[PDB]
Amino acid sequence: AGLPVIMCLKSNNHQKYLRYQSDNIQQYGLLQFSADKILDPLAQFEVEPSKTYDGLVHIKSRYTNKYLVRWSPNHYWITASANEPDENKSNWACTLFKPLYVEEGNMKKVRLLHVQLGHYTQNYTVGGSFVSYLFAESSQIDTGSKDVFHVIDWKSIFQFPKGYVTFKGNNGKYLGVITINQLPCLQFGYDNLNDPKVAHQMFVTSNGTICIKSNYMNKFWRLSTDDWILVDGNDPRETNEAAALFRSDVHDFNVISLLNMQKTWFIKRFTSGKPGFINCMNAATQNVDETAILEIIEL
């Protein structure tokens, strides 16, 4: 029903992601808006269309793989614990929900309606222990907007924008081609997003590796001399040269670290000491460090 197959839900009320409560407490199994990162492995939910009613959806925790349902015949609290879907709208354990979009056209802002109850769900707090749990309150839209959620496609976190992009390093500069000592280097030394030497294109392959092409040079990034990433490579989708293949480590939307597949070390802003090699891309760190975090800027 317009929702992502695997999704994450964020609450504007306090900017946290919905996650399965796994602590051994009274609230075990309930859903709390407490995941700080979208990467939290308890924050994924899979949506499944209703067999019978078009527009209605079933939702299960990816972790437990069990459906969202009312805690008991007497509760409005939602638990990701049903072994199977129930489409009988009259049953208190009916698992059907109805996504209702807040602003027409926008699929990333929704309200989730528990079908059987006809109540909207909210990031609800009662007292002391029941803080920020998913609760099907009533048929009235909330005044504090605690029933509005931001939908996020889990899949998209591991996707990159193909089209010209540049990378912004931790010194505030943009990554551009630069010839140094007859070597076609990449340097975090540009201040302008319009200098065309700053443009690159990312190709993500089916196996997961990524190859990047400098627009200016029309050549691919490739680990080479002294582990500098140089812009001289041929298309590795054809050559299968590990030196021109990268695997990303996503920190958040458009914030990543890339591991070069030849050295299996992370690329980062580096200044070797040798004259001219200042703030140039080098596979110089085994584990992620501050200089290894790249922010992707779409052009």
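The first residue of the shown sequence is 1; numbering continues from there.
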{"property": "Selected stretch [higher average CA B-factor]: 238 to 246 or 47 to 55", "result": "47 to 55"}
{"property": "Stretch exceeding the other in mean C-alpha B-factor - 185 to 193, 130 to 138", "result": "185 to 193"}
{"property": "Identity of residue with top Cα B-factor, from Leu223, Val110, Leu96, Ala80", "result": "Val110"}
{"property": "Residue of maximum C-alpha B factor among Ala199, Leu117, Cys211, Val102, per deposited coordinates", "result": "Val102"}
{"property": "Chain thirds of CA B-factor: placement of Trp228", "result": "middle"}
{"property": "Among modelled residues of the same chain, the CA temperature factor third for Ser272", "result": "highest"}
{"property": "Relative C-alpha B-factor of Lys37, binned into the chain's lowest, middle or highest third", "result": "highest"}
{"property": "Where the record places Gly172 (Cα B-factor, split into thirds across the chain)", "result": "highest"}
{"property": "Chain-wide C-alpha B factor ranking for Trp71, given as lowest, middle or highest third", "result": "lowest"}
